[PDB]
Each structure stands twice: as structure tokens, then as C-alpha cells.
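Take a look at this single chain in C-alpha cells; it is the form deposited in one PDB entry.
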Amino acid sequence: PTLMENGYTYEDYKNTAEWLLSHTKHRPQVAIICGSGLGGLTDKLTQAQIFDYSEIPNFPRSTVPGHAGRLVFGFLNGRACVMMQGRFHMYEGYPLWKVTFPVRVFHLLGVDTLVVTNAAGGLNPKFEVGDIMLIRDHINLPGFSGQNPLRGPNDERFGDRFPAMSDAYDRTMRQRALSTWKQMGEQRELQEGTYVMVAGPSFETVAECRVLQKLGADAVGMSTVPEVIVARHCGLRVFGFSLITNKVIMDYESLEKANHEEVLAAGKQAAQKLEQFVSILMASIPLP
């Protein structure tokens, strides 16, 4: 009982992959994880098939609202997709080996690209709510201290022992998302910066917000990084963005408080603009 490794065996991921393949004719190339209140990104998929997480062997469940807890296969702008409508978080009590389960089943499914979205608190002063931020890079604070989904024995059928994360955010797609933005009719620029992961479930104090700023983080949240780390370890291309849902309180004067109701509501507002952005992006994702 000493060793802290994955509770999931390789054949565990396999069983789930298989089950999915025997239960849908869809064969996705792109997997999309929808953050808090962003569950609306599945609206535009055609010929859609829905599975409740409860149906899928080994799948965790979403306990936080509104993470719908459903897996959805569809086409989006020429491309076969699978979408996580709701994700999992460390703060819910899950070990990162659970949080990230689906990612390696996508790989066994044959997905070669993963897009990750999340709600995120604004740390950079010139962001505004409703801004989409292209995740250039992240800072894995839980990672530094030992909280990493890769911890334990490493299966080379999936990846290396020491996989480099410094090219994690696909540079090609950044450049393409950038100029693709001049193609939407938008007032605000597409935002770019570093996402810092923090465990939660409680929200930053003012001093904490200030370390995070000092650290160089542009946005804070409690997800996403584990998933990126396991994706890149199996060689998926990774592309991420955060929806800026609130500016995290950076002075003792404010009487504003960060809260879930407000973040879910910044999500419903933007999901429209979001889905379109994701839509045009699909035709930018490189073919297998």
C-alpha cells in the first residue's frame, strides 16, 4: 500500500475505449473539454450522440454545477469530435490520475488533438470579463509539490518517464487562432497569457492574488493543467483557452467577492462567441 501510482491499469483505459467504440459509430479526431458553464460548446455538433458519464465504465462523475457530466460525439465544422460536457477537479476529492482518466482513453480512441477550455479568474489588470484568453503556457503549482498525474510507475505504451512540457501549447495553432480572430468581427482582441493552476476549492485571498500576479500568471483556475500534462505525455497536440469570468480581487477596498454564480453567468453570456471561435478553429486543426 506504500507506492502512490495510478489506480488505473492500461487494460482499464482499454476497456473503456473499447466500450465507447462498441457503442458509437463516431470516430473522433478532436477531443474537447468544456470548463465551468461552457457546457454550451456542444450545441453546434451535428449527428450527435450523448452518453452520461454514469454509463461509461470507469468514468468519474461531475459534482460541480454546471458541469453536465455527459460525453457527446458529433461533427463540428468538418471534423469528428468528442466533447466532455463537464470535467473533474482535484478539489472534488479526485486524485489527478482520476481527473485525467478520459484523456488517455481519447488517445486509445484515436484522438490526436485535445482542446481544453475552462473558466478562469482574471489576474492580468487589462483583461475584462468575457475576454477569451489563449493559453500560451501554464504554471503547475500543485505539480511542484508532488501533485502530478504522472507520479508513480510510468507506462511507455502511453509515454516517457520524463516528458517535456515546454512545448505544451501548440505554437502553430496559436498563430492560426490569432489571425483567425481578425476573421471574427470582434471589438476586444483575442487575449494571450499564462494560466496558473491552484487547487481550490476556496478562492484566492488578496495577498494570494498578488503572489500569482508576481509569479507572472495572467489567469488562475483549478483545472486543466493535469489534463494537458497527460495529453502531451501520450503525444496529443494541445490547444487551450480560458474564459475570463471575473477579475480576482486585488485590493482590500473592494467589497466584490469571487463566486460560482457569477462565473457560471459569465459563461452563459459568452458561450455563443465561444462556440463560433471553436467552430472556425476546427478547420485549422491538422488532419491525422
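Only residues modelled in both forms are compared. All residue numbers refer to positions in the sequence shown, first residue = 1. What we label the rigid core is the largest C-alpha set whose atoms superpose within 1.5 Å from one form to the other.
Heads up, the form deposited in another entry isn't pictured, but that's what we're talking about next.
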ask   = Would you say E55 moves between this form and the one not shown, meaning its CA shifts by 2 Å or more once the core is fitted?
value = no
query = Is it true that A17 shifts between this form and the one not shown by 2 Å or more at the Cα, once the core is aligned?
reply = no
inquiry  = I want to check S254: does it shift between this form and the one not shown by 2 Å or more at the Cα, with the core superposed?
reply    = yes
task = Over in the other structure, so in the other entry, do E261 and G240 pull closer or drift farther apart at the C-alpha level? The difference is 3 angstroms or more.
result = closer
ask   = So the C-alpha spacing of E192 and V64 changes by 3 Å or more in the other entry; is that change toward closer or farther than shown?
value = farther
request  = Spell out which consecutive segments of 3+ residues have Cα shifts of at least 2 angstroms at every position between this form and the one not shown, with the rigid core used for superposition.
outcome  = 61-67, 254-271
